[PDB]
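Below sits a lone chain in structure tokens, taken as the form deposited in one PDB entry.
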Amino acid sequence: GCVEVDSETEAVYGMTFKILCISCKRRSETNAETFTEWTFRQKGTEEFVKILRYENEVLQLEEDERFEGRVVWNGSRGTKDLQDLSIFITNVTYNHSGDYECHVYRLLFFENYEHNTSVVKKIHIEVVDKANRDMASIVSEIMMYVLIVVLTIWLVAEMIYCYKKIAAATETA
């Protein structure tokens, strides 16, 4: 079912990027209605400006030019109880850099209880000219070869010590 996964923090310039905000209900069985707001403040700036609101089935995106015309919704479709809210940007640009705050509003229907809740997820993204391999990924690759070389080296060294001893035994009898 639903799992919460943090969004990627590095985006390549001039390429599409997907921002992930996933919020999971404590109990899957319960049914509630959700809506979301995403507000972004450009890097080196203070405060926040709401960029988009998604309620019901239609998505409403703020009119400002920085985010105008290059955003798409990757959230849950037709559920009306979204769970997963994600925003996809086409033609990523330098202007799209900074702190992104996404707030979720959920109406939970219980037997005689109606509950309204708010959860906030914050994602910070910095654009970059060329994508770079993560430290864990690069280090792991380098680390893997060293291990392979040592074992191979260990086996060869092992055979060499073993071979001389075996050969010597043959000579005596």
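Whichever C-alpha set is largest while still superposing within 1.5 Å between the two forms counts as the rigid core. From 1 onward, residues are counted along the sequence shown. Only residues modelled in both forms are compared.
Beyond what is shown, the protein has a form deposited in another entry; the following relates to that form.
The one residue among 126, 141, 134, 65 whose Cα position changes by 2 Å or more between the shown form and the other one, with the core held fixed by superposition, is 65.
Relative to the displayed conformation, the Cα-Cα distance from residue 125 to residue 59 grows by 3 Å or more in the other entry.
Pairwise change in the other entry: residue 60 and residue 77 C-alpha atoms lie closer than in the shown form, at least 3 Å.
Once the two forms are aligned on their core, the segments of at least three consecutive shared residues with Cα displacements of 2 Å or more between the shown form and the other one fall at 58-68, 171-173.
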